[PDB]
Amino acid sequence: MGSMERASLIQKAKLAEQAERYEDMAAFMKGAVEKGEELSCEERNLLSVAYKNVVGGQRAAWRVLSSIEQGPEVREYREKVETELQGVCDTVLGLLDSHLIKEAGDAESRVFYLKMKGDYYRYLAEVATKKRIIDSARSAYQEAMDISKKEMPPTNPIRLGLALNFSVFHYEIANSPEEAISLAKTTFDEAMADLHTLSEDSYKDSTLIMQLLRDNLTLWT
Amino acid sequence: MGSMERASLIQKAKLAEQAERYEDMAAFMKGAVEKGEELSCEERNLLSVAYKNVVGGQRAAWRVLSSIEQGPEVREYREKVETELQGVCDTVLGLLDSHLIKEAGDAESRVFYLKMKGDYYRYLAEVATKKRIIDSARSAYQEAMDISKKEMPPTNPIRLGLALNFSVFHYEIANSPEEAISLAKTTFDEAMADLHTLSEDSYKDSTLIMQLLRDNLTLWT
Amino acid sequence: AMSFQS
Amino acid sequence: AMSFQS
């Protein structure tokens, strides 16, 4: 994507999003990040959306295959899918590490990237067969949690989405359903108590995410 | 796919279908076809399903982009998508021509492949800006229609799906909505009159396709 | 218009 | 369990 203008990559990432062409969207966003400039809020979201969708289809495929797995073909093909997923996670992690996280000074960008780092290590963990990967997820989430708690209101969408994913990590990956539940509940309760400060639009944004915490808690309790 | 067993490609195409991994499914089916043996009914369906899904996502993306199209990025990216689609259609057409159609002696395989040839030329036609391509579609459909009418009952699912697509071709590509409507109506009416010969399962299979003819006719009349 | 849902 | 629907 070396020869395409940054702005052109961003414009094409948005078109690919409209076209539900998420692999293209991700390639364009990777090109953009690799221009070496920081991403705006909107660009970070594009990056996240693109790879979430790519890796989301790989995760869904991997789980179908894994379950079938329970001659060598099923294992081979699950390995193939698994390998591709891991390569996607490695390239997201690569982008974070070169050099999105280190140049992210604001709480907004830094928590976003650290959350993302935890997410992609969590995806790696889902297929790992592993403690180091889980610890890399935990550590990235934890650093993101510490900044978000210090630097963002409890209703901030990224703070909420970070806490939601960290709670999922706890439940699904760290075998700590109590930690998962305590986190989701504490997150929801503190957001609830901060809603009064919001405009109607921010209120809608936060409560939409709080409902996922609530749905998880209903699933878990 | 040269090093993988035919049976392994087929097994993996079915897994990719379960995993909704249609690009993989198509790559596996292309590998299988390129083993140089004829495809069974079930394998032909796998081939069709795989590429229908691949090209289906490209068509849907292309139309989103085309519509946005109505700087150079929108056109560039529509061209990119369009180019990829055309490459998929060319590789399906390539497979038909090397050598699926020429070795298809039974009415079952031959109509299936000729229909498919018409389909992939019709997809090419949808983005062409073209008479030769439309004529290649028409000619492939016509040859398939002639064999199917001579060699298959009016309720045969492939005969029905061929006539349905040829009617779509007429309406959407050949600018012949009357031909489209006459075909769909005549096809439906002759199938209707042959349903009495079928078992409950064949009856369900045919009437499911007849309903698409009927839905098109309702859209067109 | 629906085409054959192969 | 639902994760952030980014």
# chains A, B, ... in the order shown; residues from 1 in each chain; ligands from 1
call {"tool": "interface_residues", "arguments": {"of": "chain C", "to": "chain B", "cutoff": "6 Å", "atoms": "only C-alpha atoms", "output": "list in words"}}
result
residues 1, 3 and 4 of chain C
call {"tool": "closest_atom_pairs", "arguments": {"of": "chain B", "to": "chain A", "cutoff": "8 Å", "atoms": "only C-alpha atoms", "output": "tab-separated table"}}
result
residue	atom	partner	partner_atom	distance
B:8	CA	A:73	CA	6.4
B:11	CA	A:73	CA	7.3
B:12	CA	A:73	CA	6.6
B:15	CA	A:65	CA	7.1
B:16	CA	A:61	CA	8.0
B:18	CA	A:64	CA	7.0
B:19	CA	A:61	CA	4.4
B:20	CA	A:61	CA	6.7
B:21	CA	A:61	CA	6.9
B:60	CA	A:19	CA	7.2
B:61	CA	A:19	CA	4.4
B:62	CA	A:19	CA	7.4
B:64	CA	A:19	CA	5.6
B:65	CA	A:19	CA	6.6
B:73	CA	A:8	CA	6.4
B:74	CA	A:12	CA	7.2
B:77	CA	A:12	CA	6.8
call {"tool": "residues_around", "arguments": {"residues": "residue 136 of chain B", "least_positions_apart": "5", "cutoff": "9 Å", "atoms": "only C-alpha atoms", "output": "PyMOL selection string"}}
result
chain B and resi 117-118+121-122+131+141
call {"tool": "residues_around", "arguments": {"residues": "residue 132 of chain B", "least_positions_apart": "6", "cutoff": "12 Å", "atoms": "only C-alpha atoms", "output": "VMD selection string"}}
result
chain B and resid 121 to 122 124 to 125 138 to 139 174
call {"tool": "atom_distance", "arguments": {"atom1": "atom CA of residue 120 of chain B", "atom2": "atom CA of residue 27 of chain A"}}
result
27.4 Å
call {"tool": "select_by_dssp", "arguments": {"residues": "segment 99-132 of chain A", "states": "alpha helix (DSSP H)", "output": "PDB file with C-alpha atoms, in the first residue's frame"}}
result
ATOM      1  CA  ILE A 101       1.289   2.103  20.872  1.00  0.00           C
ATOM      2  CA  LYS A 102       4.561   3.886  21.512  1.00  0.00           C
ATOM      3  CA  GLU A 103       3.372   7.051  19.707  1.00  0.00           C
ATOM      4  CA  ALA A 107      -5.544   8.313  26.857  1.00  0.00           C
ATOM      5  CA  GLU A 108      -7.920   7.878  23.885  1.00  0.00           C
ATOM      6  CA  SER A 109      -5.374   6.394  21.528  1.00  0.00           C
ATOM      7  CA  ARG A 110      -3.329   4.553  24.187  1.00  0.00           C
ATOM      8  CA  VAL A 111      -6.217   2.669  25.821  1.00  0.00           C
ATOM      9  CA  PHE A 112      -7.651   1.936  22.381  1.00  0.00           C
ATOM     10  CA  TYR A 113      -4.378   0.287  21.244  1.00  0.00           C
ATOM     11  CA  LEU A 114      -3.675  -1.505  24.498  1.00  0.00           C
ATOM     12  CA  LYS A 115      -7.220  -2.876  24.473  1.00  0.00           C
ATOM     13  CA  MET A 116      -6.610  -3.971  20.931  1.00  0.00           C
ATOM     14  CA  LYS A 117      -3.317  -5.575  21.895  1.00  0.00           C
ATOM     15  CA  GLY A 118      -5.155  -7.493  24.636  1.00  0.00           C
ATOM     16  CA  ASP A 119      -7.879  -8.496  22.169  1.00  0.00           C
ATOM     17  CA  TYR A 120      -5.526  -9.915  19.548  1.00  0.00           C
ATOM     18  CA  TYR A 121      -3.523 -11.758  22.185  1.00  0.00           C
ATOM     19  CA  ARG A 122      -6.890 -13.040  23.506  1.00  0.00           C
ATOM     20  CA  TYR A 123      -7.676 -14.281  19.971  1.00  0.00           C
ATOM     21  CA  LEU A 124      -4.274 -15.929  19.861  1.00  0.00           C
ATOM     22  CA  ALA A 125      -5.099 -17.432  23.299  1.00  0.00           C
ATOM     23  CA  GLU A 126      -8.391 -18.883  22.077  1.00  0.00           C
ATOM     24  CA  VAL A 127      -6.503 -21.226  19.744  1.00  0.00           C
ATOM     25  CA  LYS A 131       0.309 -19.135  29.317  1.00  0.00           C
ATOM     26  CA  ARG A 132       2.645 -16.448  27.904  1.00  0.00           C
TER      27      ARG A 132
END
call {"tool": "residues_around", "arguments": {"residues": "residue 149 of chain A", "least_positions_apart": "5", "cutoff": "9 Å", "atoms": "only C-alpha atoms", "output": "list in words"}}
result
residues 144, 154 and 159 of chain A
call {"tool": "residues_around", "arguments": {"residues": "residue 88 of chain A", "least_positions_apart": "2", "cutoff": "9 Å", "atoms": "only C-alpha atoms", "output": "list in words"}}
result
residues 51, 54, 55, 83, 84, 85, 86, 90, 91, 92, 93 and 120 of chain A
call {"tool": "write_last_selection", "arguments": {"atoms": "C-alpha atoms", "output": "compact mmCIF listing (two decimals), in the first residue's frame"}}
result
# COMPACT_ATOMS: atom_id res chain seq x y z
CA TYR A 51 -9.45 -6.46 11.56
CA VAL A 54 -11.34 -10.38 9.26
CA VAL A 55 -10.39 -12.12 12.44
CA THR A 83 -2.43 -20.41 11.07
CA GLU A 84 -4.09 -17.71 9.02
CA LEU A 85 -5.86 -16.28 12.07
CA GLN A 86 -2.62 -16.25 13.98
CA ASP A 90 0.44 -11.21 14.53
CA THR A 91 0.09 -8.48 11.95
CA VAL A 92 -2.30 -6.48 14.18
CA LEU A 93 0.08 -6.97 17.08
CA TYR A 120 -5.53 -9.91 19.55
call {"tool": "atom_distance", "arguments": {"atom1": "atom CA of residue 151 of chain B", "atom2": "atom CA of residue 176 of chain B"}}
result
26.3 Å
call {"tool": "atom_distance", "arguments": {"atom1": "atom CA of residue 34 of chain A", "atom2": "atom CA of residue 5 of chain A"}}
result
11.1 Å
call {"tool": "closest_residue", "arguments": {"among": "A:25, A:39, A:96, A:195", "to": "residue 156 of chain A", "atoms": "only C-alpha atoms"}}
result
A:195
